[PDB]
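Single-structure report; data block below.
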Amino acid sequence: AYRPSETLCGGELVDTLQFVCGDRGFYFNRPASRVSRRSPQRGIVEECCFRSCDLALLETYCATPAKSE
C-alpha cells in the first residue's frame, strides 16, 4: 500500500538500513572494493531516493544473511 514516506535519502536511508539490518552492517552500493571514492557505483539510493522502495527491498542490502527460521 502507499506510504507517505515511501522514499528515503541521506541519513533517513541509513537509519532505515540500521533498523532492518541492525548496526551489524549493510551495503549501500555493494562496492566490495576500497580503491578510491571516485567511483559512485549505483546502489540503494537509486532504489529508495531516486525511486520508491519498501523495507523488504531495502533489507536485501544487509551485510548478514536472513535468519528467520
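Chain labels A, B, ... are given in the sequence in which chains occur in the C-alpha cells; within each chain residues are numbered consecutively from 1, and ligands are likewise numbered from 1 in the order shown.
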
**OP:** Tell me which protein, DNA and RNA residues are within 12 Å of residue 4 (chain A), counting only C-alpha atoms, leaving out same-chain ones fewer than 4 positions away, and put them as a list in words.
**Re:**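 Close residues of residue 4 (chain A): residues 8, 52, 53 and 54 of chain A.
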
Spatial neighbours of region 57-64 of chain A, max dist 12 Å, only C-alpha atoms, sep filter under 5 positions, as a compact mmCIF listing (two decimals) with N, CA, C and O atoms, in the first residue's frame:
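Listing of out22.txt after writing:
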```txt
# COMPACT_ATOMS: atom_id res chain seq x y z
N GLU A 6 7.61 6.69 1.31
CA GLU A 6 7.98 5.52 0.51
C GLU A 6 9.34 5.75 -0.15
O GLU A 6 9.81 4.94 -0.95
N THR A 7 9.96 6.87 0.19
CA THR A 7 11.28 7.24 -0.31
C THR A 7 12.12 7.68 0.88
O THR A 7 11.59 8.19 1.87
N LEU A 8 13.43 7.48 0.78
CA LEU A 8 14.38 7.88 1.81
C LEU A 8 15.60 8.43 1.15
O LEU A 8 15.99 7.98 0.09
N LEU A 13 17.86 7.17 4.99
CA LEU A 13 18.07 5.88 4.34
C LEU A 13 18.99 5.04 5.21
O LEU A 13 18.73 3.87 5.44
N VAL A 14 20.02 5.67 5.75
CA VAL A 14 20.95 5.00 6.66
C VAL A 14 20.21 4.50 7.89
O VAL A 14 20.38 3.36 8.28
N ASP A 15 19.37 5.33 8.48
CA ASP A 15 18.65 4.94 9.69
C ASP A 15 17.72 3.76 9.45
O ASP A 15 17.60 2.88 10.29
N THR A 16 17.10 3.71 8.29
CA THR A 16 16.24 2.58 7.97
C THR A 16 17.07 1.31 7.74
O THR A 16 16.69 0.23 8.16
N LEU A 17 18.23 1.45 7.12
CA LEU A 17 19.13 0.30 6.92
C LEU A 17 19.63 -0.21 8.28
O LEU A 17 19.70 -1.41 8.50
N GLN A 18 19.89 0.71 9.20
CA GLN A 18 20.29 0.35 10.56
C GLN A 18 19.13 -0.34 11.28
O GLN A 18 19.35 -1.16 12.16
N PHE A 19 17.90 -0.04 10.90
CA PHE A 19 16.75 -0.67 11.53
C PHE A 19 16.51 -2.09 11.00
O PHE A 19 16.30 -3.01 11.78
N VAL A 20 16.52 -2.28 9.68
CA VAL A 20 16.23 -3.61 9.12
C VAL A 20 17.41 -4.59 9.30
O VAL A 20 17.21 -5.79 9.44
N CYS A 21 18.64 -4.07 9.29
CA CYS A 21 19.84 -4.92 9.38
C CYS A 21 20.48 -4.92 10.75
O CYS A 21 21.33 -5.77 11.06
N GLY A 22 20.15 -3.92 11.55
CA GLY A 22 20.88 -3.67 12.78
C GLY A 22 22.16 -2.93 12.42
O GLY A 22 22.55 -2.87 11.26
N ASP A 23 22.86 -2.43 13.43
CA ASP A 23 24.15 -1.75 13.21
C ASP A 23 25.25 -2.75 12.85
O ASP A 23 26.40 -2.39 12.63
N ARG A 24 24.86 -4.02 12.79
CA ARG A 24 25.76 -5.12 12.43
C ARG A 24 26.39 -4.92 11.05
O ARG A 24 27.49 -5.39 10.80
N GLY A 25 25.71 -4.18 10.19
CA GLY A 25 26.27 -3.82 8.90
C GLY A 25 25.35 -3.99 7.72
O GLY A 25 24.47 -4.86 7.69
N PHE A 26 25.57 -3.16 6.71
CA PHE A 26 24.80 -3.19 5.48
C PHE A 26 25.64 -2.58 4.37
O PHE A 26 26.63 -1.88 4.64
N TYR A 27 25.25 -2.82 3.14
CA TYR A 27 25.90 -2.25 1.98
C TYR A 27 25.07 -1.04 1.57
O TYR A 27 23.91 -0.94 1.93
N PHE A 28 25.64 -0.16 0.76
CA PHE A 28 24.90 0.99 0.28
C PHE A 28 24.91 0.86 -1.23
O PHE A 28 23.88 0.87 -1.87
N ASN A 29 26.10 0.62 -1.76
CA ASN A 29 26.27 0.44 -3.19
C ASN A 29 27.01 -0.83 -3.51
O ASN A 29 27.56 -0.99 -4.59
N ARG A 30 27.00 -1.73 -2.54
CA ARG A 30 27.63 -3.05 -2.66
C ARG A 30 28.99 -3.02 -3.37
O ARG A 30 29.20 -3.74 -4.35
N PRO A 31 29.91 -2.14 -2.93
CA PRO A 31 31.06 -1.92 -3.81
C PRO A 31 32.11 -3.01 -3.82
O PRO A 31 32.80 -3.24 -4.80
N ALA A 32 32.24 -3.63 -2.65
CA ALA A 32 33.20 -4.71 -2.39
C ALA A 32 34.64 -4.34 -2.79
O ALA A 32 35.44 -5.19 -3.17
N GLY A 43 23.40 1.96 -6.29
CA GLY A 43 23.00 1.14 -5.16
C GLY A 43 21.64 1.51 -4.62
O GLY A 43 20.76 1.96 -5.36
N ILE A 44 21.47 1.33 -3.32
CA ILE A 44 20.20 1.55 -2.62
C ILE A 44 19.61 2.94 -2.86
O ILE A 44 18.40 3.09 -2.94
N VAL A 45 20.45 3.95 -3.03
CA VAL A 45 19.95 5.31 -3.24
C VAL A 45 19.10 5.37 -4.51
O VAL A 45 18.08 6.03 -4.56
N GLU A 46 19.51 4.63 -5.53
CA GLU A 46 18.79 4.63 -6.80
C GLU A 46 17.47 3.90 -6.70
O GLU A 46 16.58 4.10 -7.52
N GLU A 47 17.33 3.07 -5.68
CA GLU A 47 16.11 2.31 -5.47
C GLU A 47 15.18 2.98 -4.46
O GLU A 47 13.98 2.80 -4.52
N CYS A 48 15.75 3.75 -3.53
CA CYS A 48 14.97 4.36 -2.44
C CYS A 48 14.88 5.89 -2.42
O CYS A 48 14.03 6.43 -1.74
N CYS A 49 15.75 6.59 -3.15
CA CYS A 49 15.70 8.06 -3.20
C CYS A 49 15.31 8.51 -4.60
O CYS A 49 14.42 9.32 -4.78
N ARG A 51 13.98 6.50 -6.61
CA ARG A 51 12.75 5.72 -6.82
C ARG A 51 12.21 5.40 -5.44
O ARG A 51 12.85 5.71 -4.46
N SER A 52 11.06 4.76 -5.40
CA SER A 52 10.43 4.34 -4.15
C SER A 52 10.82 2.90 -3.81
O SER A 52 11.02 2.09 -4.70
```

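Here CA of residue 69 (chain A) stands at a distance of 28.9 Å from CA of residue 12 (chain A).
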
Subject >> DSSP helix (DSSP H, G or I) residues within chain A, listed as JSON, numbers by chain >> reply: {"A": [11, 12, 13, 14, 15, 16, 17, 18, 19, 20, 21, 44, 45, 46, 47, 48, 55, 56, 57, 58, 59, 60, 61]}

Original post:
Any idea what the distance is between CA of residue 10 (chain A) and CA of residue 50 (chain A)?
Top reply: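 That distance, rounded to one decimal, is 11.7 Å.
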